[PDB]
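J.: Experimental structure and sequence below.
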Amino acid sequence: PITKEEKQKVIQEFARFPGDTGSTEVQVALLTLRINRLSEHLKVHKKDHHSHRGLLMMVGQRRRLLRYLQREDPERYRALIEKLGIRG
Amino acid sequence: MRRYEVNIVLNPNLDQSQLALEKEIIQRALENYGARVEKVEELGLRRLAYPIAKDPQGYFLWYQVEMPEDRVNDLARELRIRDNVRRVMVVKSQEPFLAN
Amino acid sequence: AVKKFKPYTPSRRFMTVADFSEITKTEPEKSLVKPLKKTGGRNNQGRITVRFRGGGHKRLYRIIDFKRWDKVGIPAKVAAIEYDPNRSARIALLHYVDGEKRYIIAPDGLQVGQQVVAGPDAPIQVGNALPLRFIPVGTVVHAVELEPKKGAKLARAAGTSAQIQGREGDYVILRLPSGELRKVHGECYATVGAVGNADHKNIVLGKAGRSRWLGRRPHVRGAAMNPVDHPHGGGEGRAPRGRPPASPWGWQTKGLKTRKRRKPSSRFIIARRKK
Amino acid sequence: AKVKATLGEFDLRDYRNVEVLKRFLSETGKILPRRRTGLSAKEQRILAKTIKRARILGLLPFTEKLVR
Amino acid sequence: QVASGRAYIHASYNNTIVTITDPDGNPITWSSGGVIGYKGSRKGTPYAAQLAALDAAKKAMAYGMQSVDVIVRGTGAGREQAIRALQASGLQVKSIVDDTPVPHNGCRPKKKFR
RNA sequence: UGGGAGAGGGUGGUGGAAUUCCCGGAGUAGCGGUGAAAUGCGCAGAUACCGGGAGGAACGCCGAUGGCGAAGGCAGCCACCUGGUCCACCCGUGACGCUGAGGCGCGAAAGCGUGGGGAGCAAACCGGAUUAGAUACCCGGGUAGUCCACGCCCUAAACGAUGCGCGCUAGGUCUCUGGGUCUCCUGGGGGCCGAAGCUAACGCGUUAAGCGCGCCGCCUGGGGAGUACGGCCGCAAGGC
Ligand SMILES: [Mg+2]
Ligand SMILES: [Mg+2]
Ligand SMILES: [Mg+2]
Ligand SMILES: [Mg+2]
Ligand SMILES: [Mg+2]
Ligand SMILES: [Mg+2]
Ligand SMILES: [Mg+2]
Ligand SMILES: [Mg+2]
Ligand SMILES: [Mg+2]
Ligand SMILES: [Mg+2]
Ligand SMILES: [Mg+2]
Ligand SMILES: [Mg+2]
Ligand SMILES: [Mg+2]
Ligand SMILES: [Mg+2]
Ligand SMILES: [Mg+2]
Ligand SMILES: [Mg+2]
Ligand SMILES: [Mg+2]
Ligand SMILES: [Mg+2]
Ligand SMILES: [Mg+2]
Ligand SMILES: [Mg+2]
Ligand SMILES: [Mg+2]
Ligand SMILES: [Mg+2]
Ligand SMILES: [Mg+2]
Ligand SMILES: [Mg+2]
Ligand SMILES: [Mg+2]
Ligand SMILES: [Mg+2]
Ligand SMILES: [Mg+2]
Ligand SMILES: [Mg+2]
Ligand SMILES: [Mg+2]
Ligand SMILES: [Mg+2]
Ligand SMILES: [Mg+2]
Ligand SMILES: [Mg+2]
Ligand SMILES: [Mg+2]
Ligand SMILES: [Mg+2]
Ligand SMILES: [Mg+2]
Ligand SMILES: [Mg+2]
Ligand SMILES: [Mg+2]
Ligand SMILES: [Mg+2]
Ligand SMILES: [Mg+2]
Ligand SMILES: [Mg+2]
Ligand SMILES: [Mg+2]
Ligand SMILES: [Mg+2]
Ligand SMILES: [Mg+2]
Ligand SMILES: [Mg+2]
Ligand SMILES: [Mg+2]
Ligand SMILES: [Mg+2]
Ligand SMILES: [Mg+2]
Ligand SMILES: [Mg+2]
Ligand SMILES: [Mg+2]
Ligand SMILES: [Mg+2]
Ligand SMILES: [Mg+2]
Ligand SMILES: [Mg+2]
Ligand SMILES: [Mg+2]
Ligand SMILES: [Mg+2]
Ligand SMILES: [Mg+2]
Ligand SMILES: [Mg+2]
Ligand SMILES: [Mg+2]
Ligand SMILES: [Mg+2]
Ligand SMILES: [Mg+2]
Ligand SMILES: [Mg+2]
Ligand SMILES: [Mg+2]
Ligand SMILES: [Mg+2]
Ligand SMILES: [Mg+2]
Ligand SMILES: [Mg+2]
Ligand SMILES: [Mg+2]
Ligand SMILES: [Mg+2]
Ligand SMILES: [Mg+2]
Ligand SMILES: [Mg+2]
Ligand SMILES: [Mg+2]
Ligand SMILES: [Mg+2]
Ligand SMILES: [Mg+2]
Ligand SMILES: [Mg+2]
Ligand SMILES: [Mg+2]
Ligand SMILES: [Mg+2]
Ligand SMILES: [Mg+2]
Ligand SMILES: [Mg+2]
Ligand SMILES: [Mg+2]
Ligand SMILES: [Mg+2]
């Protein structure tokens, strides 16, 4: 799984200010982390459809946040997806 | 790293040098698969509820350990390869659940 | 995975070729090849004794080490895996630390860079050779000697394997690739694993020409011949067989068992093949 | 005559404790119903799981003939 | 000839067979509803099991049989009656253990059993 | 951020019961099967009993008016990988929300392709019965298939015959799983019985079929017909 440590580093790396958890950026980046692992997991467990749904739900969730953040502050979005290498 | 309790049942009609020897292959492997031993409990002979390998008794080891999660499976395999090892069961370690 | 083709000629529509994925070195070891003397199916009298052979691609024989007990305890590195035209299996190049090089037939899962060894003490892992008596019952095994020090004779074809079923005295009991149950002596060497290139059987030759490249010349039906030639020969128009179906030499060919009756190895065969 | 009562504090997750565990088996060897063990739902599930592990180890039987 | 042995009662809805073995497990004699003289469904009755257990035990006693362990398999009608008869036979009956085979959900049963 | 329960999903291992077949032993006149029989099996030694072995498939007790999942569905045990979900803290974001024509994915069983595997079961099929007849029901056999991998099919009484989300309108009792000041209270789930109210009635009733808003899908007499034609999908069967 993801370790508290790995989560923190990400929580910390993306936070807008020291105590920040749950801002848009932190939210998107955490998802990106769970996304890229499941994605990897499914690459090997191609018949794990049940987890694939979750993936979709997350992919969905990250999308809405990105749509929000893009509406609210273009620069922040452009930077975020660029920080995480996201669009396609 | 996570904690598991390796259980092992060995051939009961061994002499103590073979048994020491099997224990050796075992402890080398625990080491080789990056398992760090904590407790250890060797209740030796003990009567089985049913015959294993056509034999009413079994020689019992046990070892609370801390090892890489990815290596527990390969270890259980290597622990089984010996013709004198008759069971392995590596269980995730967990807190007691008390009644009364 | 076998490789398909788009149907851009009538023949490519069904032709499939092997993927050669495991192959890492495309030239044989110069000191391990010798010319194969092509026979055409002719014996030393010059007579065709096996019909319909001739005309295939030229081939160099790769010398294979079917003994292995030859170098007990000396380990080797798997240097490469190569194509061998003389067999269905691929072959693995071994660099012994000794510095001797040999070929073995390449087991499923052999990795180039890995190390193999032979002898009574060899780890029970893919690529190693041990006498059968030191191999755990249940293990699948290939290139098996049929009698001690006589060389690997069993389970050499692409994809094949034998499984150890039990032990009895000086002998172990194997399930052969045919499903025959047979006793083989404990001192006989076998190599752990199955033979690789297991997709071999899914190849579709695709055209007449490809059988031709394999040195397999066209085969003609007794039914298309005349009575001088064959039991099924002649008759006006097409004909059914008109007698029990027979070989060119007259023996019956649908069911007639042919194994010699009083043969000494009958004693060691436990159960004739399945299906 | 509920079993849970006729015992002091014990570990429900302890699969090597054959002396406790073997009391929850019918004389035929079967895992006993909740109505005879006096266990709750949550605990009875932990019981059955550790009895099953135990039978795997050789400590507990999978079945026993019925004597009369 | 042997003094103590075993008595197996195979009791199915169509029949009762009783075979008497030695201590090691090998049969000395056997009987059934068929041997005692019935055909058809009558073989399955309690009176069938009775003659079968008697005639089985009786033949055994003539080989010097005296004590038996009783093993029971099946849930047939003439089961419990078969046991009566072994007791009443002139044989000791040290024990009566039921070792009817039951799967831990194995092979799919025939249709009539679903 | 702390925790929780669970047959949720995928992979790899792995345990005992039973059935079948083979080998060894011991034993003999029947076994089996039905409403009753017969076919069948059996002196070329069956059944029943003991020991050995082989192989596939399903996991008894626990087990529940239980649990998990969006549904299809999911059950021996172990480890790894992984989804959903609930609770407590009231720490962070600042309406970032609901639904959703198209599209995309998943989708019991049967079925299909390529390759495995095949103990039990069993369409087709043979035979015995039953019967006026018996292409059935019952009995003896039996091949696909049922099992695994990979790719297809895309249906269903795929049902709660009940689309999703939100808010509002008495309670009683049983239960699963949390957190409490643990008598008792407070969440989330599963049943029952009911206030108001609904409703053609039957029944529904904080798990609404009540009172309301949002969005979607669907109906408009029976048959002909889920047929024809066309189009799109499919290897075909066939699907929309
Ligand atoms: Mg979510
Ligand atoms: Mg976007
Ligand atoms: Mg072993
Ligand atoms: Mg092609
Ligand atoms: Mg091409
Ligand atoms: Mg192509
Ligand atoms: Mg063309
Ligand atoms: Mg063509
Ligand atoms: Mg290759
Ligand atoms: Mg390949
Ligand atoms: Mg060349
Ligand atoms: Mg030269
Ligand atoms: Mg030279
Ligand atoms: Mg030559
Ligand atoms: Mg010459
Ligand atoms: Mg000459
Ligand atoms: Mg001449
Ligand atoms: Mg010829
Ligand atoms: Mg020729
Ligand atoms: Mg080759
Ligand atoms: Mg090839
Ligand atoms: Mg072909
Ligand atoms: Mg050639
Ligand atoms: Mg040919
Ligand atoms: Mg021809
Ligand atoms: Mg012709
Ligand atoms: Mg002609
Ligand atoms: Mg001539
Ligand atoms: Mg002639
Ligand atoms: Mg002729
Ligand atoms: Mg002719
Ligand atoms: Mg003719
Ligand atoms: Mg002709
Ligand atoms: Mg003519
Ligand atoms: Mg003609
Ligand atoms: Mg002609
Ligand atoms: Mg003719
Ligand atoms: Mg003909
Ligand atoms: Mg003729
Ligand atoms: Mg020979
Ligand atoms: Mg009968
Ligand atoms: Mg026999
Ligand atoms: Mg005779
Ligand atoms: Mg037996
Ligand atoms: Mg706050
Ligand atoms: Mg939606
Ligand atoms: Mg849609
Ligand atoms: Mg489907
Ligand atoms: Mg299916
Ligand atoms: Mg099917
Ligand atoms: Mg198929
Ligand atoms: Mg008929
Ligand atoms: Mg008739
Ligand atoms: Mg019929
Ligand atoms: Mg039938
Ligand atoms: Mg049948
Ligand atoms: Mg069969
Ligand atoms: Mg077919
Ligand atoms: Mg068909
Ligand atoms: Mg329903
Ligand atoms: Mg529902
Ligand atoms: Mg409908
Ligand atoms: Mg909708
Ligand atoms: Mg509506
Ligand atoms: Mg509560
Ligand atoms: Mg509490
Ligand atoms: Mg639910
Ligand atoms: Mg409730
Ligand atoms: Mg329920
Ligand atoms: Mg009600
Ligand atoms: Mg009212
Ligand atoms: Mg209520
Ligand atoms: Mg209404
Ligand atoms: Mg109409
Ligand atoms: Mg249609
Ligand atoms: Mg239809
Ligand atoms: Mg049409
Ligand atoms: Mg429809």
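T.: Perfect, I can see it now. Numbers count the residues shown, from 1 in each chain, chains lettered A, B, ... in the order given. Ligands and ions are numbered 1, 2, ... in the order given.
J.: CA atoms for contacts and neighbours, from now on please.
T.: Will do.
J.: quick one: the biggest helix by length in chain D near chain E?
T.: Counting residues, the longest helix found in chain D (DSSP state H) is helix D:41-57. No: if you take CA under 8 Å from any CA of the partner chain as the test, helix D:41-57 misses chain E, and the best it gets is 13.4 Å.
J.: Give me the buried positions along that helix.
T.: D:43-44, D:47-48, D:50-57 (16 or more other CA atoms under 10 Å in any protein chain shown).
J.: of these, closest to ligand 33?
T.: residue D:56 (69.7 Å; CA to the ion).
J.: before we move on, back to that, alpha carbons of the longest helix of chain D, in PDB - could you do that?
T.: Extracted as PDB, the C-alpha positions of helix D:41-57 are listed here (Å, rounded to 0.1, in the frame of the first residue of the first chain):
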ATOM      1  CA  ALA D  41     -21.700 -13.200  16.300                       C
ATOM      2  CA  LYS D  42     -18.400 -11.200  16.200                       C
ATOM      3  CA  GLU D  43     -16.600 -13.600  18.400                       C
ATOM      4  CA  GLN D  44     -17.900 -16.900  16.900                       C
ATOM      5  CA  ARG D  45     -16.500 -15.800  13.500                       C
ATOM      6  CA  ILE D  46     -13.100 -15.400  15.100                       C
ATOM      7  CA  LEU D  47     -13.500 -18.800  16.700                       C
ATOM      8  CA  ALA D  48     -14.400 -20.700  13.500                       C
ATOM      9  CA  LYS D  49     -11.500 -19.100  11.600                       C
ATOM     10  CA  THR D  50      -8.900 -20.100  14.200                       C
ATOM     11  CA  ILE D  51     -10.300 -23.600  14.700                       C
ATOM     12  CA  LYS D  52     -10.000 -24.100  10.900                       C
ATOM     13  CA  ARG D  53      -6.400 -22.900  11.000                       C
ATOM     14  CA  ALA D  54      -5.800 -25.300  13.800                       C
ATOM     15  CA  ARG D  55      -7.200 -28.300  12.000                       C
ATOM     16  CA  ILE D  56      -4.800 -27.400   9.300                       C
ATOM     17  CA  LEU D  57      -1.900 -27.600  11.700                       C
END
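J.: can you list contacts of it?
T.: Outside helix D:41-57, the residues within contact range by CA atoms under 8 Å, 6 or more residues apart in numbering or on different chains are B:9, B:49, B:87, B:89, D:12-16, D:18, D:21, D:31, D:34, D:60-62.
J.: Next: stretch C:229-237.
T.: Stretch C:229-237 is contacted by residues C:222-227, C:241-242, C:245-250 when judged by CA under 8 Å, 6+ apart.
J.: List buried residues within the residues you listed.
T.: C:222-223, C:245-246.
J.: other SSEs contacting the longest helix along chain E?
T.: Longest helix in chain E by number of residues (criterion: DSSP H): helix E:46-61. On a contact count with 3 or more CA pairs under 8 Å, 6 or more residues apart in numbering or on different chains; DSSP states H and E, helix E:46-61 meets strand E:15-21, strand E:27-32, helix E:79-87.
J.: Any buried residues in stretch C:120-132, and which?
T.: Quick answer for stretch C:120-132 (16+ other CA under 10 Å): C:120, C:122-124, C:126-132.
J.: what does stretch C:103-115 give?
T.: Residues C:103-108, C:110-112, C:115 are the ones in stretch C:103-115 that count as buried (16+ other CA under 10 Å).
J.: quick one: that stretch to chain centroid distance?
T.: Offset of stretch C:103-115 from its chain centre (CA atoms, centre = their mean, to the nearest Å): 17 Å.
J.: Mind checking if that stretch is in reach of RNA strand F?
T.: No: no part of stretch C:103-115 sits near RNA strand F under the criterion CA under 7 Å from any atom of the strand; the closest distance found is 13.9 Å.
J.: That stretch near ligand 9 at all?
T.: No: using CA under 5 Å from the ion, stretch C:103-115 stays clear of ligand 9, with a minimum separation of 9.7 Å.
J.: Can you give the contact residues for that stretch?
T.: Here stretch C:103-115 makes contact (CA under 8 Å, 6+ apart) with C:32, C:62-66, C:75-81, C:89-94, C:126-127, C:142-143, C:156, C:159, C:193-198.
J.: could you check whether the lengthiest strand in chain E is close to RNA strand F?
T.: Once chain E is assigned using DSSP state E, the strand that runs over the most residues is strand E:4-12. Yes: on the criterion CA under 7 Å from any atom of the strand, strand E:4-12 is in touch with RNA strand F at E:8-10, E:12.
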